[PDB]
Amino acid sequence: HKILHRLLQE
Amino acid sequence: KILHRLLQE
Amino acid sequence: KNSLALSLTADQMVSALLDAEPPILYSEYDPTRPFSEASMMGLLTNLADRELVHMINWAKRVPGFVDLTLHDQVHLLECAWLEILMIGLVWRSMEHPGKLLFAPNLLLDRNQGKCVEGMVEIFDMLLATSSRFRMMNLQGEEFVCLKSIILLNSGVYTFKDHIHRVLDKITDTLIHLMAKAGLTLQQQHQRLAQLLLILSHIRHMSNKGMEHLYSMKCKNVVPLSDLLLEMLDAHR
Amino acid sequence: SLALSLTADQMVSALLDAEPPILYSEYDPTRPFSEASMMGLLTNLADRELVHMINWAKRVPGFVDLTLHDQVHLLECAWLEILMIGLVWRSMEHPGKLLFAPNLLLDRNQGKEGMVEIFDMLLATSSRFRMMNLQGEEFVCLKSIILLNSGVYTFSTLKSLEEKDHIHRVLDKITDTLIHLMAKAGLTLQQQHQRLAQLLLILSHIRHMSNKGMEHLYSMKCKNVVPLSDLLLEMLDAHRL
Ligand SMILES: Oc1ccc(C(c2ccc(O)cc2)C(Cl)(Cl)Cl)cc1
Ligand SMILES: Oc1ccc(C(c2ccc(O)cc2)C(Cl)(Cl)Cl)cc1
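Residue numbers (my numbering), protein chains in the order written: chain A, 1 to 10; chain B, 1 to 9; chain C, 1 to 236; chain D, 1 to 241.
Dropping the structure here:
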C-alpha cells in the first residue's frame, strides 16, 4: 500500500 | 567528569 | 538470474552513474530569507519531497538495483533516503565554504539553523562534511560512486550476494578512477579508506536528522507529504 | 610521535598487546530474570568494560598525543560502537547467539523490550564477520579506526585543526596496516581493495547500531526502572538525546 511501491513501479 | 578523571590516572 | 551490472566495465559503470544523476532543483522564489521555524522547515520539506521523487527514479538507474525484488528495492531506499539526500546536499555545497546549498536559490548558513530547535547541530555536521570533501578534492565521478554505495550498503545487513558483488564492482570502479587520476598504489588505498570512512559520519548525520524529523512530525507545525511520512515511519 | 613511526607489523603487535580482557557477568542460570534484571546485568557488564576500554584507548598509537579534551570527545562519541564491535567479535563463532560474556550467551528470545531490534542487527553483523572470515588482526585495526574516526568531524582555531590532522595520519597508517595484512594473506591487489572496502562499510552499520542503542539507553533512563551507572549516564548525556 506504500506510495514508494507505486513509484518504484511507475 | 568521570571519563575525564579516568583518562588522567 | 545473472545481472547485467557485473558485466559492465569501469568506464561503463561511471558513465551509467553519471547519466543517472538527478537534476538540481529550486526552492520557492520568494525573496524572504526564512527566519521562522515554519517557513524554514516548510521550504526544506517541500524541496526534500520533490527530490525524493527524482531519487526513486535515479535508484532504478543504478546498475544492479532493478535486479532486486521490489521488496528489496523498497527496503534499501527506506533505509538510505536521508543519507542520500544529505550526501547530495554536501556535494552541492562543496564549493561554498560555510554555506549549505539546498538549492541555487536557497543557500543557508549555521545562523539560520539556529532558528529551528535542534537544526544547528545538524547544519554544523553537514558543513564539516562539506569542508572535508572540499579539502579532499572530491571528484564528481567519485561522488556518484559513493552515493550508489550508500544506496546498496546502508540496508544490506537488515535483510545479499548480488548486492555485495555489485558493491565490489563499485569499489573496483573507485580504484579505477583513482588510478586514472594518477594516484600511486598507497595513495589509492588510503584515499579509498578516507572516502569510505566518511560514510560512517553520513550515517550518523542521517540518524540525528531522522530524530529531528520525527520531532518535527509530533510538533505537527509543518505538514509532511504522505511520501515523506512513509519514509520517516520506516525508521520506527 | 612514536605512532607515525611504527611499521605495519609493529602496529599489529601494539594493538594485539593492548586488547582488553573478556569480563564475566553476574548471570546465574538458576535465578529468574525479568527484562529489567537482564538489562541490569548487561548495564553492569558494560560499565566494567568501559573502564578497561578507557585504559585500552591510551595504548592505541597516537591517542595520547591528543589533548585530554580531544581524548574525552573521541571516547564519548565512540564508546558504544567499540563495546558493540567487541561483542560482535566475541560472538562470531556462535551463530544465532551474542556472547556478552563467557557465562552469558543469549539468543534473540532473551531480547524480551526494544532491545530486540538491536540484538538482531548485532547478530547480522556477527553473521557478516563470519561470512568474511574476519581475522583477529583485522578486528583490532577496525576497533582502533572507530575510536579515532567516529568523533573526528564533530570537534575553534586553526591550531585546533592540527589535532585533527594528526588523527588522519594515524588513520592512514592503520589503513596501510590492513592492506599489509591482506597482502600477507595472499590476496590479489583487486581482492585487497575489495576486502578493505567491505571491512570499512561495516563501520557504517556499527555507527547505525550505536545510534539506535543510544536512543534505547536514553528511554531506559527515563523509564527509570533499570539503574544506569554514573559513568554510563555521563557518556549517554554526552550525546544529548
Ligand atoms: O537536499 C536536502 C533537503 C532537505 C534535507 C533535510 C530535510 C529533510 C526532510 C525534511 O522534511 C526537511 C529537511 C534536512 Cl534534515 Cl538537512 Cl533540513 C536534506 C537534504
Ligand atoms: O559488551 C557489551 C555490553 C553491553 C552492550 C549494550 C549495553 C550497553 C549499555 C547498557 O547499559 C546496557 C547494554 C547492549 Cl544495549 Cl548491545 Cl546490550 C553492548 C556490548
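A virtual CB, placed ideally from N, CA and C, is assigned to each residue, including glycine.
Flag this pair as yes or no: are the beta carbons of residue i and residue j separated by less than 8 Å?
i             : j             : result
residue 196/C : residue 122/D : no
residue 103/C : residue 27/C  : yes
residue 74/C  : residue 151/C : no
residue 43/C  : residue 31/C  : no
residue 145/D : residue 187/D : no
residue 100/C : residue 65/C  : no
residue 192/C : residue 197/D : yes
residue 17/C  : residue 144/C : yes
residue 241/D : residue 214/D : yes
residue 25/C  : residue 47/C  : yes
residue 176/D : residue 8/D   : yes
residue 3/B   : residue 234/D : yes
residue 49/D  : residue 80/D  : no
residue 90/C  : residue 45/C  : no
residue 138/C : residue 94/C  : yes
residue 229/D : residue 47/D  : yes
residue 164/C : residue 193/D : no
Taking 7 Å as the cut-off, is the C-beta of residue i nearer than that to any heavy atom in ligand 1?
i             : result
residue 54/C  : no
residue 86/C  : yes
residue 228/C : yes
residue 102/C : yes
residue 37/C  : no
residue 94/C  : no
residue 24/C  : no
residue 45/C  : yes
residue 51/C  : yes
residue 89/C  : yes
May I ask you to check if the CB of residue i is nearer than 7 Å to at least one heavy atom of ligand 2?
i             : result
residue 57/D  : no
residue 210/C : no
residue 46/D  : yes
residue 21/C  : no
residue 39/D  : yes
residue 118/D : yes
residue 245/D : No information on residue 245/D is available, as it lies outside the stretch 1 to 241 that chain D covers here.
residue 217/D : yes
residue 122/D : yes
residue 147/D : no
residue 142/D : no
residue 228/D : yes
residue 115/D : yes
Could you round the C-beta distance between residue i and residue j to whole angstroms and report it? I think they count as a contact, below 8 Å.
i             : j             : result
residue 200/C : residue 149/D : 6 Å
residue 203/C : residue 207/D : 5 Å
residue 13/C  : residue 169/C : 7 Å
residue 67/C  : residue 212/C : About 34 Å; that fails the 8 Å criterion.
residue 35/D  : residue 159/D : Rounded, the Cβ-Cβ distance is 49 Å, inconsistent with contact.
residue 214/C : residue 105/C : Their Cβ separation, rounded to whole angstroms, is 28 Å, which puts residue 214/C and residue 105/C out of contact at 8 Å.
residue 96/C  : residue 107/C : 7 Å
residue 67/D  : residue 163/D : 7 Å
Tell me residue i's beta-bridge partners as DSSP assigns them.
i             : result
residue 101/D : 104/D
Counting Cβ pairs closer than 8 Å, one from the region 155-162 of chain C and one from the region 171-184 of chain D, do we hit at least three? no
Three or more beta-carbon pairs under 8 Å between the region 108-115 of chain D and the region 50-63 of chain D, yes or no? no
Please confirm if the region 2-11 of chain D is in contact with the region 122-134 of chain D, defined as three or more CB-CB distances below 8 Å between the two stretches. no
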